[PDB]
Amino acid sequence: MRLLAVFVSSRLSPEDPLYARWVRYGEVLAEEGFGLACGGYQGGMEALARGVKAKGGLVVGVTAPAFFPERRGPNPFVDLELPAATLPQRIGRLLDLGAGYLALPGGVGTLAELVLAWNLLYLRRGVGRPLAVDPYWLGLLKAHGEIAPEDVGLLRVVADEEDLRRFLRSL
């Protein structure tokens, strides 16, 4: 089985319209034959996990307990927990788990994951895997100095469930 690693907001509230959209994204990736690799906590991670479980898919959660003692453990929808001790280690595990990556809206932590995956594609040596981003990120990541338009062009865009299915089908 293959997994889609998703990076997303940890603070997203269930009442936020995006929460419901990500639950649907979870259902869709499961329907497309994929499982989910995520940070294993709340916000968008739980929204995605709920959708995947609703469709019988598998959810892997790469947690970081040392950094969040306040977070009792992975959300209820995580099947396998893979606790990481450092941020680079956590990110490295998510990247190695997924056949492709999707960066949904989030903060600095989500950006860290996005940029490391981007970095692998940027090396242009056949390392890493396809990376898609929600349009949200293009409002921030743009050509600038040594970051060329072509580098930004390595980022694929997934704005809705149809884009998501096409992305997954290309992995």
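When you see a residue number, it is the position in the sequence shown, counting from 1.
The PDB entry reports B-factors from which the mean C-alpha value can be compared for 135-143 and 120-128; the larger average falls on 120-128. For the pair 10-18 and 147-155, the mean Cα B-factor is higher in 10-18. Between the residues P69, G61, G26, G107, the entry's highest C-alpha temperature factor is the one at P69.
When the modelled residues of the chain are ordered by C-alpha B-factor, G56 sits in the highest third. When the modelled residues of the chain are ordered by C-alpha B-factor, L171 sits in the highest third. Residue-level temperature factors show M1 in the highest third of its chain, judged at the C-alpha atom. In the PDB entry, a CA B factor belonging to the lowest third of its chain's modelled residues is recorded for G92.
For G100, the recorded CA B-factor ranks within the lowest third of the chain. Only modelled residues enter the ranking.
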